[PDB]
Every structure is written in C-alpha cells, then in structure tokens.
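# Commentary on secondary and tertiary structure
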Amino acid sequence: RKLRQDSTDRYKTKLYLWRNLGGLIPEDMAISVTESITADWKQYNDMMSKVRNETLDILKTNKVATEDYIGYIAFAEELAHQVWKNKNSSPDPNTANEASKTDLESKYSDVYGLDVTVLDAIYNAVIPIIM
Amino acid sequence: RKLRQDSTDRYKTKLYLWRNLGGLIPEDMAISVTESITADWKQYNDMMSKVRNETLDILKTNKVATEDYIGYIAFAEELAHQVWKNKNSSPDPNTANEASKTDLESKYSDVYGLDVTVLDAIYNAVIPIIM
Amino acid sequence: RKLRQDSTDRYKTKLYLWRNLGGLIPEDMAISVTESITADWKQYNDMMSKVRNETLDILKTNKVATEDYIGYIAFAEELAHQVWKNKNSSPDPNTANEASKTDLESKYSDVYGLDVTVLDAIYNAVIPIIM
Amino acid sequence: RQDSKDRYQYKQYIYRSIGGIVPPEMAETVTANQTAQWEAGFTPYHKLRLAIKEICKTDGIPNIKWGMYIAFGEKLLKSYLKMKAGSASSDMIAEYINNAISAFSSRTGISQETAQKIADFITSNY
Amino acid sequence: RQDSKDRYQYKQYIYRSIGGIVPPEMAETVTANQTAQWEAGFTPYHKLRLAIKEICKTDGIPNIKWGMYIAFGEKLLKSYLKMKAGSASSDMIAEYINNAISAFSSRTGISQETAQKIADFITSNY
Amino acid sequence: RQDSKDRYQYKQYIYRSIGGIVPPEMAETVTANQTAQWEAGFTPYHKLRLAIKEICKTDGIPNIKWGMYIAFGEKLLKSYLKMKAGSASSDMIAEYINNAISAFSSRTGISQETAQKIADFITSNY
Amino acid sequence: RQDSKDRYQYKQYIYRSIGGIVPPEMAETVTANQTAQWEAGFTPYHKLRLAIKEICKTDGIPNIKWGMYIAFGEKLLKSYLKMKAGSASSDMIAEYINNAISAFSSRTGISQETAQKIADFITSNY
Amino acid sequence: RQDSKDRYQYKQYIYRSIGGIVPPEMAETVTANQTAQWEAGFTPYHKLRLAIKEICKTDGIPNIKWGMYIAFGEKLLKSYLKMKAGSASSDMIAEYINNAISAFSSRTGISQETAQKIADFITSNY
Amino acid sequence: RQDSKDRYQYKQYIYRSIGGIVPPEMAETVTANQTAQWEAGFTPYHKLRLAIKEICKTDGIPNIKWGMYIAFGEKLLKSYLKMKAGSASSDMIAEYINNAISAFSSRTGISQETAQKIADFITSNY
Amino acid sequence: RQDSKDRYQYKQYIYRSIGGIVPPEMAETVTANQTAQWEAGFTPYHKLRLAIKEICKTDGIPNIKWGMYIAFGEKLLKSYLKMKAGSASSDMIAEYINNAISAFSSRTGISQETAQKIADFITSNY
Amino acid sequence: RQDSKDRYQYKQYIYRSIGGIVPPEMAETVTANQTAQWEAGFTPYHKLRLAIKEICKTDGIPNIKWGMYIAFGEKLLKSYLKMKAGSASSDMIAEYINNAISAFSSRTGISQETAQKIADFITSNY
Amino acid sequence: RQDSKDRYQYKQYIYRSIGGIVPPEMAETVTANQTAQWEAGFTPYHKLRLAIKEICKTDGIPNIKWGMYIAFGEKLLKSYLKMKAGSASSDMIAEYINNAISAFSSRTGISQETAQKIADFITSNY
Amino acid sequence: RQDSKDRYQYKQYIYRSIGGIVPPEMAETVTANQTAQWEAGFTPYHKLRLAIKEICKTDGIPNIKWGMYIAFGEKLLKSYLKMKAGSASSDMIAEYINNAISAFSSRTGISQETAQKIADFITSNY
Amino acid sequence: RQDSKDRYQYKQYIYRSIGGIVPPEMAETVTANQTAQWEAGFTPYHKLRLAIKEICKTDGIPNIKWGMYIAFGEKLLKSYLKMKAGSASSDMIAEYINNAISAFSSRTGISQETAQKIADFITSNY
DNA sequence: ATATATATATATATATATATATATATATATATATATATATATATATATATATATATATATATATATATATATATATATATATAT
DNA sequence: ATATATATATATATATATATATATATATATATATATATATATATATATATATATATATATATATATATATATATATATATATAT
C-alpha cells in the first residue's frame, strides 16, 4: 500500500512547496497541485502497475533473479509504450511487426531473451497502456 | 480533461505572478488575471478544439500517421483563420475563391494534399472560427 | 465585452504602478487612479463607441474592406471631434459649412469619398461627441 | 527660462515615470534618450510658434488671436509632416488650407488673409 | 523616436517582466540579451515597412492601403524565412504569391500589379 | 534567438525553482552550474536536429517529416550514448537500426533510405 | 551532470532540512560542512562503480548484471572499511568473499570468475 | 564525519533547546559557548576510545569486546578525573582497578590482562 | 563548564522570568545587569569553595566532609560580610567560630583542627 | 546589587502597572520618566541610611538600633524638606528634635546623645 | 515629580478615557493634543501657587493659610482671565478684591494685608 | 458638505443594507461599486439643479419656484435620457415641452417663458 | 449600472442561497464560480438586446415593440444554440423563422420585414 | 456551466448530507474527497455522451435518438468496465452487442448501423 | 498637609517557597553528539536501466491570450514640457 | 480656453516582432518529485546492547548566590486608588 499510495502526498508536498517559494497564492497552488498529484499518481500507477505487475509475476514464474527484473522491467515499460504508440499511430500489421522487430532490437542489451518476447505478447494482448 | 482544462490554472499561475513581481495590488491582479485566463482559455479552446477535433478525426479516418498531423493541424488552424478572415472581410465569392487558392498556396509545403482540401471544406461549412 | 470593458483594469494597473513607483501613499493613489480610470474609460468609450459603431456598421453596409476601415475610422473620430468643436464654438451655418469643407479637406487622403460624407452627416445629426 | 529649463526638468519627469525600481543604468539612460527626442520633436513646432509671434507684430494684428494663429500653424505642420507619406503635397496642401481657412469660425477665427500668410510661412518649414 | 526609443524602453519592459525578485545580475543581463534579439529580429520587417512606404509614394498610390501592402509584405517575408527550411524556394514563392495575390478581397485589397511589385521587393530581401 | 536566449532564461527558471527562501550564494551558484550542464547536455541533440534540417533540404524531402527525422535521430543518439556502457557498438547499432527502420509506420514514417542516412549521420556523432 | 550538480544541490537539501528557523551563520555553515563530508564519503564508492562499469565493458559481459557487480563491490568496500577495525584483513577478506561468491543466486547472480575479479579490484582500494 | 559534523550540528541542537523565543544575541552566543564546552569535555573520552580501538588491533583481540574495553576505559577516566579531588591517586587507582578487573563478568568481560593494559593506558591520560 | 556556562545561561533564566510581555530594551538590559551582579556576588563564595577543595587535598582529609567544610566556610563568609556592619570584627569572629566549632555534630562534623584552618582561610577573605 | 538592580527592575514594575493595553510609546516613556524620579527622590534618604550605618560603626554602637537610627533620620529628613516651605528652620528643627529625642521609648529607643548626632548629620543634608 | 510626571501620566489618563475601541491614530493623537492643552492651561495657576508659597515664606506667615492664599489667588486669576472679556479691568479688579477681602471669614481667612499683596501679585499675571 | 459627504456616507448606507452576514470582500467591494454608480448617475441631475439655481438668480425670479424649476428640469432630463432610445428627439422634445409648459398649474407653476428657458438649458445637456 | 452592478450583487444573491451554514471556502468560491457562468451565459443575449435597441432607432420604428423584437431575437438565439446540436442549421433556421414570422399576432407583433432583419442579425451571432 | 459548476455544488451537496453535527475537519475533508471521486468517476461517461453528440451530427441523424445512443453507449461502457474483471473481452463484447443491437425496439430504437458505430466508439474507450 | 491599602524598590536583620546557577557526590528521564556493530523509515544525492507528472528550454509547424515595441491612421485619459 | 510635443496606458482595423503562459503532434534535454529492482552515501529520527559527554528538568544531603513573591518589626521613596 504505502509504497504506491503515499506517493500522492509526497509528490503533493513538493509540488506545493515548489510554487509556495514563488510567493504564489495558497488557493491557486492547492488547486494546481491537486490536479498535478492526480495526473501524476493516476497516470503513473495505472499504466505502470499493469505492466509492472504482469512483468513481476511472469519474471518470477520464469525464475528470474531480483537483479534481473530491472532489465525486463525497463524493457517492460519501454515496450509497453511502443505498443500504445503503434495501437494509436500505425496499422494493425505494423503493431504486430513492430512488436517482433522491437523484441529483436532489444537484443542490443544482454537482457533480451524469451522473457521479453513473452512479456510483450502479454502487453499487446492485455494492457491499455497510457502514452 | 486535464490536458485542456487545467491550462486555466497554469496560465493563471503565471499571469498572477507576472504582475505580483511588479509590486501590484493583489485584488487588481486577481481581477486582471481572471479576465486574462478567461479570454485565453475560452477563446483558445473554443476555436482550436473545433478545428483540432475535426482535423484529428478526419486525418485519423484517412489513415494519417501521428507525425503527419502537425502539418495538417498547423494548416488546419491557419486555414480556419483565413476562413473567418474572409467571412468577415470579403464577398462570399472571395471566401470560396480564397479557400481554393489557399489550398493551392499550401502546396508550398510537402504536407498539402487531399487531406487539406477536405479539411478546409469542413471548416468553411462547419466551424464559427474566432479571429 | 472584454475588448472594451477590461481596459478599465489594465489602464488601472499602470496608473497605480506609475504612482506606486514614486513612493506615494497607497490610498491617495487608489483614489487618483480610480478617478483616472473612470475618466479614461468613460470618456473614451462613450465618444468612441458611438462613432466607431456607426462607422463600422455604415462602412460594412457599403462593402468597405476591413483594411479600409482605418481610414474612415481615423476620419470618423477626427471629423466627429470637429463636429463638436463647431457645435460648441461656431454658429450653426459654420457647423454646416465646416462639415462640408472638411469633407473636401479629407480629400488630402486617398481614403476620402462618399463613405466619409455619409458618415459625417450621421455624426452631426446623431452623436453627442465629447471634446 | 525656455532656453534650458525644459531639457533639465523634462529629464526629471521621465526619471519619475520610469520609477525607483529601475536600476540607474536604465533609468537615466532611457531618460536622456527620450529627452533628446523631446528636444528634436518639439523644436519644429516651437519654431513655428515663435515665428507666428513675430508675424503678428509685423502685421500689427491682435495678440489674443495667437491661440488660433498657433493652432492653425501647428495643425498645418502636422499635415506637412503627413505629406511626407502622402506625397502629391501640392494637392494635400491645398486641401488642408481649403478647410483650415474656409471654416472661419472654428479653424481660423482670424482673417483669412493672415491665416493664409501663416499657411505660407508654415509651408516653408517643409 | 524609432531611432532609439525602442531599445531603451523595450529593455525596461523585460526588466518588469522578469520581476523584482530576480537579482540584477540576471535581471539586466537577460534583459539586454533579449533586447538585442528584438533589435535584430525586428529590423528585417521594419526595413520592409519603410521600403513599402517609399514604394507607394513612388507609385503614387493610396496611403490607407499600407495596411495591406504591409500585411502582404510581412506575410511574405515570414514565408521567405520559412523557405530557408523548405528549399525549392522558386515553387514556394510562386505558391505564396498565387494566393496572396488571387484572394484579392482578403489577401491584397490592393492592385495585383502593386501587390506583385511588393512581392518582388520582398523577394530581394532573401 | 536560440543563440543566447536559452542560457539567459534557463538560469532564470532554475532560480524560480530553487525558491526565494534559499540564500543567493546558493540560489545563483546552483543555477549557473545547472545551466552549464543544460548547455553541454543539450547541444549534442541540438547539433543533430540542425544537421537533420540541412539533410532534408539537401535530399529535397518533406519538412513535415522532420518530426520523425528528428525523433529518429534523437532516439538513436540516446542509443549511441548508451553504447558507451553496452560496448559491442557494432551490434547495438545494427539492432537499434533494425527496428528503428523496420517498424516503418511508427519508428520512421520516412523513407528507409533517408532514415538510414540519418542513422549514419547520427553514428558519426560517436 | 554528476561532475558538479551533486554538491550544488546536496547543499540545498541540507539547507531545507536545517529549517528556515535557523540563522544563516548556522544554516549555511553546517550545510557546507556536511556536504564536504558527502563528497569525501561518497567518492570511494563512486570510484568503484565507475571502475566496475569499465570492467564489464573490458570483459564483454552483461550490463544488467551491474546491479550485482555494483552491489557486490559496494558491499565488499564496506567490509574493507570495517577491516580497518577488525585487522587480520587477510582472513576477513577471504570470509567476505567466501559467501559473497558462494551464495551465487543472492550475493552474485554473476559469474564467480567476474565476481572475484571485482573482489580483487575492490581489494586494491584498501 | 566526526572531524567536523559534531560541532556544526551540536550547536544546532542547542539553538533548538534554547527556543525561538530567545533573542539571537543570547540564542547563538549561548549555543556557541556550550558547544565549545562539548568539544573540550568530549575530546578526553574520545581520545581514549580511539586509542582503545588501536590497542585491540595491536593485541589482535575481538572487536565486540570494545563495548567493554570502552566502558572500562571510560569508567576509569571518570575515576581519574575524580582523583583530582580525592588525592592519594595511587590508592584510588588500585581500588578502581581492583573491582573493575575482579568483577570479570560485569566490569570486564575481557581478559584481565588486556583490561589492565587499558587501565594503564587510561592512567597515562592523567 | 563553570568557566562560562553560568553567565550564558543565567542570563537566559532571567529573560524567562522577566516574561515575553516585556519589551527587549528592558528584558535583555535588565537580564544582563542582574547577571553581572550574579557573577560578582557569586564569585566570593566560589573562591572559598575552590580553596577548600585544595585544602582538603593538602591536608589529606575526606572528600565527603566537603559538605561541611563548604557549609562551614560559606556560613562564616556570610558572617564576615556582616562584620562590615557590626564592626569589632575581632569579637564577632571569635563568637562565630565559638559555636561553628563547638557544636561539632551539627556545625562541623569535621575535625575542629581543620575547621579552624578553614575559619582562618575564610578570615583572610576579609 | 543596589548599585544598579533598582532602576532596572523598578522600570519593569511600572511597565506592569501601566498595563499591556497601553501603547509602548507611552508605556516605556512613562516608565523611564517615573523611574528617574524614583532615583532622584530615593537617593537623599538612601544617603542618610548609608551615613547612619557608618556612624554607628564609628561610635561602636548596636546594629539593631539601626531600625530607629534610620527611622529617626528619615523622619527628620522629611521634616527638613518640609522646612523649605515652613521657613524659620531654626525653630522647626528644634521642635522636631524636641519630641524626636524626648519621647525616648517611641521616637528614639537609642541614646539621646547618638540620636542628636544623627539629628546633626541629617541637618547637614539641608 | 511635578517636573515631568504630569504630562506623562495625564496622557495615559486620556488614553483610558478614550477607550480601547478607538484606533490608535485617534487615541494617541487626541491624547497628546489634550495633554498639551493641560500643560498650557494648568501652568498659569501653577505659577501662582508656587509664587504664593514663596510670598508666605518671605512674609513669615502661616503655612496652613496656603489653603486660602491659594484659593484667593486662583479665584482672582479666573477673574483676571474673565476681565479679558469684561474690559474695564480697573473696576472689575476692584470689585473682585472688594469682596474677596471684605468677606474675611470665607474669602480670606488671612490678613487683609497679605490677601491684598496676593491680589497685587496675581494682578501682575495679566 | 455635498462636496464629499455623499460618497462617504452613501457607501456606509449600502454596507448596512448588505448586512453583517456578508463577508467584507463582498460587503465593501459591492458597496464601493454601487456608490460609484450613484456618483455618476446622480451628477447629471445635480448639475441641472445647480444650473437652475443660477438661472433664477440671473433672471431675478422667485426662490420658491425652484420646487418646480427643478421638477420641470429633472422631468425633462429623464425624458432626454429616454430620447436616446426613442430617437426622433426633435419631436419627443417638442411633445415633452408641449405639456410640461401647457399644463401650467401642475407642470410649471412658473412663467412659461422661464420654463422654456429651463427646457432649453436642459436640452443642452444632451 | 449594468456595467458592474450585476456581477457584484449577483454574487451576493448566491451567497444568500448557499446559506450561512456553509463554510466560506465553499460559500464564496461557489458563488464566484456560478457568477462567472452568469456573466458568460448572460452576455450573448444581452448583446442581442442592445443590438436590437440600435436597430429600431436605425429603422425609426416603435419602442414598445421592443418587447417582441427582444422576445423574437432571444427565442431565435436559443434556437441557434440548439442548432449546434441539431446540425443542418440551414433548415432549422428556416423553420424557426417560418413560424416566428408567420404567426404574426403572437410571435412577432412587428412588421415581418423588421422581424426578418432581426432574424438575420441574430443569425450572425452564430 | 458544466465546466465548473458541478464540482463546486456537488461538494455543497455532500456537506449537507454529512450534516451540521460533523466537525469541519471531517465535513469538508470528506466532501472534497468524495467530490474528487465524482469528477473522476463521472468523466468517462461524460466523454462518451459528448462524443455521441458529435457522432450524430456527423452522421446527420436524429437528436431525439440521443436518449438511446446515450443509453446504449453508457450501458456498454459499464460492460467494458466489467470486462476488466471478466477477461476474454472479445467474447463479452460480442455478447453485449448481440442483444444491445438485436433487441431493436428496447435496446436500440436506433439504426443498428449507427448503434454498432457507437459500440465501436465506446470500445475504443477501453 | 497628612493618612489607609495595594504594588514595586531599599535599609537593618532573618526566613519559607519557587525558579535559575554552583560545590561535593551520584542517579532517573528527555534531547543532542559519539564509539563499537547493525537495522527500519524519511529526505537528498548517485550507479545501472526505464517511465509518469510538473516546470523550463529547444526543433519542425501553427495558434489563443497577456505584456512590450513598431508601421499606417486617429483618438480618450494621465503625467511632464511649451505658446498666448 | 485652444493646440502641439515626449512618454505611459487603453482602444479602433489589419499584420509583424521579442518575451511570458497554455495548447495541438511527436521526441529530446536540464532540473524537481514519485515510482520499479538491488545497493551505497550524507544527514534526520527511532531502536537493540553497554558506556561516555554537553545541556535541560527532577531529586537525595547540606549550604551558598542572583532574582521573584510572601512574611516578621519599624520607617522611607516612586507610582496607583480612596479619603479629609
């Protein structure tokens, strides 16, 4: 809970202070901050949690060490974002192509392997990624 | 919502601060800002959204890539403004002529094509452009 | 609305600041400014709007292009002021004479034509010009 | 008084308008510049007014009417400056004079003969 | 007036926009820099406007129409600056002129003959 | 504008972010330092974008596509910077290009021939 | 970025922690002192991390594993600092390595051969 | 860290204890004075602790036992300070050592041989 | 500690007693004055106590008995101060000593020989 | 103590009596004035009391009787101040002394010889 | 006391009468003004009373009778102030004195000779 | 009195009407606005009334009749304001005057000659 | 009056409707928001009414008929706003006019010629 | 109106529901929270309704049928939200559409062609 | 011209409390710092690797406001200067 | 009372430019905050185990000192209130 939820107030803390130190109006700040913390928390956790959760569970299932998750998670999100990019901007054939071609691209990193190909297939089929 | 609505408060933030740093009266500023944020938000989103929305939907319908919308949107508004200019300043025959001649003018850019001619016809027939 | 009304606060803004930067008393300034913004807004818009409105409507009726209004408006006010000048300082025969002679004078500019003669006749008959 | 007091105080005026919040490298430098423009901008009309004074003495005509000899002259000079944009000054000049003279009760208030003399003196100012 | 008052006050403007909360080593230094950009950025269009004024006098054509001779010229210069990105200026030029001229009632309001002359004068500005 | 306005105002930005509660020996000194990093950090990508502009003019290809020529170039430079950690750049380069080119509709939107040219120009940036 | 931004902002951090209630002769002076300790305290580990980066490139081994090459190295340096209290470093070193290497799945995750190389590189840091 | 952070923050502590109601001419001046006493008062024991650390390394004896080597040393120093009131230190010293050593399980927990060495090292501190 | 902490905090004490309702021109000024009186008033007895400490070490006599050597000394000094009003100190001195010594169990608790020595040391304080 | 503590605190007293409802321009200014009157008004009697103390030591007479030497002296000084209104001080003086001395058990309680000496010392105070 | 305490406290009095509901710009400003009137209004009678005191000493006459020398003097001064309205002071003066003196038992109670002297001293006050 | 007391108290009136339940940001701000409207709205009629006063003195006619000169004038001004909606003021004016004058006993009560003069003076107010 | 009194009091109205039970952070904030909507919502119809007033003066037609010129105009504007949902405004417009005009005795009461002019003026409002 | 009035008053609603018995730290804080949920919860359906409005205009189809285009859309969105629990959305989607379309007289009332278009637009909302 | 209270200060002479400081000798808490040895949070910085916001800058391309400057052409105020 | 000029602000009509803010579409960079995964470091707080030190408060035993209040006995003084 606290590690995903409390971020609302911690983020809020700064966003208010950032503006407060500008001599801005307490009310306008409270409003601007409220919108900021909402956009931040909502958009971030919604998109991230869906990918991160699937990513974490799959990688754990596949006996991925905790030090390995970073690669697959950093890819998980990057890839997941490219999935949206294509769902939004490209023909379905290009979404499918790009997913496969990106899996290939990911080979630039030592991280890339079956784990990645599995994960991306899931993202494409499962997660309504924000981007 | 947030990406078109919250602009009211962000714009407000500066307009107040701009004046606040001049040592001006809090009340006069709040009033001047209120009028400014209203004029800004109202005029901008009303005119822009009508064009941008029609522009976005038409271009998407016509299989326009996301990197292509800029050209058609930059034209969408420029053209839409010229449409008002003519509705306001010129005879109906000149509004029609200018619309066609501008479509031709737009050829200066690699962007121009059927998409533009379709879009302008819509603006002329549909949108009460502010200018 | 905003383009004729908000001028009260924008004008107010400076008039206060002009004095504020002199180290003057906040109360005296607020008072002096209030009187200034009133005189400015009231006198200006009352006289100007009556002429400008009649001028705008007549010129539009007569198929005057938007780039042409400047000439007729700049004359509209200049002439309208001369109308007051005469109503105040000269015999009725001189008011009538001057109006006609000024229409002739206006020939110094490429602008002058029927539009001007029509407009001045209206100002003389219709508008209680401030000067 | 008008030989020097104008530039001295006019500069002071602007300094006040600029405000005590503006650093002196801007406050004075802007002031001095704007004043120089005042001096140059003002002079042309000042010269006319001084010339007009002498014309009336020369003619032996009323002092009160200076309000109009001046107004008349100043209005025309504005017109002559505009002629540098309008061109065809020969026609613009005639038109300005046409009403400036004809509308006696409001544009002259002074004999048309002397009003024209002023129109001629002003013309010579380019 | 326009010979110096612009840079003097424009700097003052920015100082005000920057705000009294910003230390002078930033307030003035930023101001001066931004002003220099104003001077350089502004001039190209200023030159056109001044040239246009003279063209109309030369041609012996209406002053009121400067609103459009200027608008026309300024619009085209923006286009000419864009051509430094677009390339193939020969075609871009023709296209800008095509509508700038053809849409008489809204893009010119001025004789196409004189509008083209302006298009040519503007072209020479690169 | 981009020749100087960036460092001048960017510094102002940070000053604002730091806040009026922080003593000037920290507020300005931190600001200046962070800005210097902006200048150095920014430039590499700025150079690419400017180079890309010229390439398209040279090739005689669409301006709109700069959105992607730029995106493509910028993405690859990020990749080239990462290669300084990854090593075996020969393979990383090929892989980045493989998808950057192949996923035409979303990674290029531009001819693969010109996309590759950009990939080559970017490569030369180390 | 890491070349200067750290000390600049880290000082800002402390200032905030100290609080606006504390007079500047204490707020800044304490801040500066604590920062200097950060710089000195931090560097030793920073050097290891940078060295590790180069070792992996040299070896031609995975970037992801830096999470552990770093963790491994950093853990050992802490141990080496402790050895300055423990003495008999020869034995302490062996013991730290014994588990740091042997518990592959949780202390290394990296080839024991490369893990040992890091253990050796770290050892050289005293 | 202990090279400077102590006096810097310790002063901050006192400032807090004094309270925001006390004028700065008292708040800081008292703080600085009390801190100076901390530095002087603290050092003697700090020196012992540092010396003890080195003794154990020299002897090649357990780190954990520092809890007692320190406790033992610190207790005795307190006793040595008291001896400056008691006089006849020769006898007081023997008595403090008698139990400090004899009550092994609660006053030493460390070899009597090493405990005595510490008693001797502490004695040298006067 | 007693070398400076007394005046520093004692002033703080009074400030508190005066109250936050009293303007600083009174709060601090009164505080400082009263403290100066504390320093001067206190010292005479402080000197005795310090002297007594040394006397007992010199004699080689019990530390616990300081409670009385001090009480005895302090009582007598009060008496010696009173003698500056009473006069005939020779007789007052004898009388104070008579009971201060004779009532062994309650006025001395210490050898009469050492009690007298203290009476003599105190006498020398005037 | 009496060398300064009086004026310092006496001022504090009045401040309290004036009340927290009274603006500081009145509270402190009135306080300071009234205190100055205390100092001046008080001193004359203070001088007598101090003189009396010395007289008794000089004479070699009882300390307890100061209650009356003081009362006697203070009463007479009040009388001497009144004499500045009454005139004929020679007679007023004699009369005050007549009873001040004669009513031994209630006005003196002290030898008439020493009481008169005080009457004489007080007389010298004008 | 009467040298300053009057104006200091009298102001305090009025402040109290004005009330805590009245803003300080009125409370103090009114107070100060009214006090100034007290000082000026009071003084004339104060001077008489002080003069009377000296007259009685000069004459060598009773202190108790000051109650009447004062009453007599004060009454007459009121009369002398009224004479500045009545005119013909020579007659008003005589009439005031006529009864002020003649009604011995209630208007004087003092020798008519000394009462007249006071009447004369008061007269000199205008 | 009428030079300032009106706006001062009129504002007070509204404040009362608004009520003590309405927050001051509304109570005063509304008050001030409404008052400004009073000042502007009132003045036009005030000017007439003042002018009328002078006309009657000029004519040398009865003061009592001001009740009607005023009523007459005020009624007509209302009519003149309405004419800005009605247009064809020439006819509206005549009609208002027709009855305003003709119904002597109830609309004038004043000589038709002077009533017309007022009608003319009012007309000049637009 | 209508230049400002509306927003000032309208806000007051809502405050009353909200009720004294609602905390000011809601009472005023809601009030201000709702008022802003009043201003924006109201204006479009206000503009029509003002325009209509001028049209009737221009035409030289009856003031009483404003009740219908206004009703007619306002009804149509509502219709024009609805057209932004209905689309095919060309047909909706014709239909609204068809009855708005044809039902003379209840929808116009005004000449169909002038009613249509209003329909046209209203149309221009979008 | 719907741009802001909703959150402003909706908060007021809850405040009323909470009751005047609940302390403001709960009444307002709960209100604000619940409102935020209203805004977020409401928006998704609001977006659909607005989109539907535009679709009908685009298609050129009846306004009345919005009752069903909306009902249809809103029902499906509820279904799409449920699909995030049900999974296998491909089948759930088909089934919802199957009846939503097929039961024309009660689930559509609108052309199946346009109903499907809405089903597709709603689908895109995830 | 004198007194009765109350609050403050003082003189002679002493005490009971309370709050502060100190001496001898020691302790229980609490807050700060430190030693040995390690950890849980929180805030800051960093490394490897990536992202969501927000604020700033930039590239391509364009716009709506607001504040400043300018061109053509003219005016209403306000502040300064000038002529009679 | 009439008319200029220099600047300052707002308008009328159209169009630029410099900056300031927000948008449209995609992608960087510098910083600011939060996350994902593991591990450091500097400081801030709390713990675990024992023992110091500096200050802050209370106590155990006795005795001072500086101030603050009240008393005991008599008498002043400065102010504050009431009386004769």
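Residues numbered from 1 in each chain as written, not as in the entry; some residues may be left out. Chains lettered and ligands numbered in written order. Part of a larger assembly, values for the part shown. Heavy atoms only, no water.

Per the PDB record, the structure was determined using cryo-EM to 4.5 Å resolution.

As annotated in the PDB entry, chain D carries the name ORF132 and is attributed to Acidianus filamentous virus 1. This entry carries the title "An envelope of a filamentous hyperthermophilic virus carries lipids in a horseshoe conformation". Within the UniProt record for chain D, the comment given under Subunit is "Heterodimer composed of major capsid protein 1 and major capsid protein 2." Within the UniProt record for chain D, the comment given under Subcellular location is "Virion". (UniProt positions renumbered as here; feature names shortened; annotations may be inferred.)

Under the PDB entry, the name given to chain A is ORF140, and the organism recorded is Acidianus filamentous virus 1. The Subunit field of the UniProt record for chain A holds the comment "Heterodimer composed of major capsid protein 1 and major capsid protein 2." As recorded by UniProt, the Subcellular location comment attached to chain A reads in full: "Virion".

With that settled, the discussion passes to the overall build of chain A. The helix and strand inventory of chain A stands at 6 helices and 0 strands. Along the chain direction, N to C, the helices and strands of chain A fall in the order α-α-α-α-α-α. The C-alpha atoms of chain A give 18 Å as radius of gyration, which overshoots the globular expectation for 131 residues (14 Å, by more than 25%). Its C-alpha atoms put chain A at 55 × 35 × 25 Å along the principal axes. Going through the 131 residues of chain A one by one, you find that 42% of them count as buried. Within chain A, contacts between residues at least 6 apart in sequence are counted, and of these 68% link residues at least 24 apart. For chain A, the computed accessible surface area is about 6600 Å², with 58% contributed by carbon and sulfur atoms. In chain A, the 16 positive side-chain charges and the 20 negative ones have mean positions that sit 4 Å from each other. (Helix = DSSP H or I, 4+ residues; strand = E, 2+ residues; numbered from the N terminus. Rg over C-alpha atoms; globule rule 2.2 N^0.38 Å. Buried < 20%, exposed > 50% of the residue type's maximum accessible area, 1.4 Å probe, protein only. Contact = heavy atoms within 4.5 Å. Areas by Shrake-Rupley, 256 points an atom, 1.4 Å probe, with all protein chains shown as cover. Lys, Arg positive; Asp, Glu negative; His and termini not counted. Charge placed at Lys NZ, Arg CZ, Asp CG, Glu CD.)

This part takes up the protein's contact with DNA strand P. Close to DNA strand P lie 147 residues, the nearest being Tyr45 of chain E, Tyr45 of chain F, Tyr45 of chain G, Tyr45 of chain H together with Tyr45 of chain J. For DNA strand P, the fraction of atoms within 4 Å of the protein that belong to sugar or phosphate moieties is 79%. Between DNA strand P and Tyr45 of chain D there is a distance of 2.5 Å, counted from a phosphate oxygen to a side-chain nitrogen or oxygen. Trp38 of chain J places a side-chain nitrogen or oxygen 3.4 Å from a base nitrogen of DNA strand P. Looking at the surface near DNA strand P residue by residue, the classes come out as 56 nonpolar, 41 polar and 50 charged. (Near = heavy atom within 4 Å. Polar contact = N/O pair within 3.5 Å; in protein donor to acceptor, adjacent residues only side chain to side chain. Nonpolar A, V, L, I, M, F, W, Y, C, P; charged D, E, K, R; others polar.)

By the definition in use, this model includes 39 aromatic pairs over all chains. Between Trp38 of chain D and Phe42 of chain D, the ring centres sit 4.2 Å apart and the planes meet at 15°, which makes this aromatic pair stacked. One end of the pair, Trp38 of chain D, and the other, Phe42 of chain D, are both in helix 2 (residues 24-59), 4 residues apart, so they sit about a helical turn from each other. What makes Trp38 of chain D partly exposed here is its relative accessible area of 26%. With a centroid separation of 5.5 Å and 25° between ring planes, the pair formed by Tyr10 of chain N and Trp38 of chain N is classed as stacked. Here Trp38 of chain N lies in helix 2 (residues 24-59) and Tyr10 of chain N lies in helix 1 (residues 5-18), a separation of 28 residues in the sequence. For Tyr10 of chain N, a relative accessible area of 24% corresponds to the partly exposed category. (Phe/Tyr/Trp six-rings, centres within 6.5 Å; stacked < 30°, edge-to-face > 60°.)

What follows is about the protein's contact with DNA strand O. DNA strand O sits among 171 residues. The nearest are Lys82 of chain D, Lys82 of chain E, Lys82 of chain G, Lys82 of chain H together with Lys82 of chain J. Within 4 Å of the protein, the atoms of DNA strand O are drawn from sugar and phosphate moieties in a proportion of 82%. Side-chain polar atom of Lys82 of chain E to a phosphate oxygen of DNA strand O: 2.5 Å apart, as the coordinates give it. The contact in question runs from a base nitrogen of DNA strand O to an N or O atom on the side chain of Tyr13 of chain J, over 2.7 Å. Each residue belonging to the surface near DNA strand O can be placed in one class, and the counts come to 74 nonpolar, 37 polar and 60 charged.

Counting residues at the interface gives 12 residues for chain A and 13 residues for chain B. Summing both sides of the interface, chain A and chain B together bury roughly 1100 Å²; the carbon and sulfur share of this comes to 50%. Considering only the side of chain A, the residues that lose the most area to chain B are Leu24, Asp28 and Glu35 of chain A, jointly responsible for 36% of the buried surface there. Taking the shortest distance from any N to any O, the salt bridge between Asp28 of chain A and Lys12 of chain B comes out at 2.5 Å. Our enumeration of links across chain A and chain B arrives at 3 residue pairs in polar contact. Of all the secondary structure elements, the ones that give two or more residues to the side of chain A that touches chain B are helix 3 (26-61) and helix 4 (69-89) of chain A. With 6 residues, the top contributor of residues to the side of chain A that touches chain B is helix 3 of chain A. (Buried area = accessible area lost by both parts, 1.4 Å probe. Salt bridge = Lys/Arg side-chain N within 4 Å of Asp/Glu carboxyl O.)

Moving on: the interface of chain F and chain A. Listed as interface residues are 19 residues of chain F and, on the opposing side, 20 residues of chain A. Where chain F abuts chain A, roughly 1600 Å² becomes buried across the two surfaces, and 52% of that area is made up of carbon and sulfur atoms. Here chain F and chain A share 2 salt bridges between them. Where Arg107 of chain F meets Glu105 of chain A, a salt bridge forms, and the shortest distance between an N and an O atom there is 2.9 Å. Between chain F and chain A we count 10 residue pairs in polar contact in total. Those elements that place two or more of their residues in the side of chain F that touches chain A are helix 1 (5-18), helix 3 (66-86), helix 4 (89-102) and helix 5 (104-108) of chain F. The element contributing the most residues to the side of chain F that touches chain A is helix 4 of chain F, with 6 residues.

Bringing the packing of helix 1 (residues 5-18) of chain K against helix 2 (residues 24-59) of chain K into the picture now. Residue and element names in this part refer to chain K. For the pair helix 1 and helix 2, the least separation of the axes is 8 Å and the interaxial angle reads 135°. Classified by the interaxial angle, the pair formed by helix 1 and helix 2 is oblique. Seen along the crossing, helix 1 lies across helix 2 with a hand that is right-handed. Here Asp6, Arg7, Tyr10, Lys11, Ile14, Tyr15 and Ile18 of helix 1 lie close against helix 2, whose contacting residues are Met26, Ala27, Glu28, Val30, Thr31, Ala32, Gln34, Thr35, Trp38 and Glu39. Taken together, the residues of the contact of helix 1 with helix 2 sort by class into 9 nonpolar, 3 polar and 5 charged. (Axes fitted to C-alpha atoms, helices over the stretch in contact; angles between N-to-C directions. Parallel < 35°, antiparallel > 145°, perpendicular 65-115°, else oblique. Left-handed = near helix turned anticlockwise from the far one by under 90°.)

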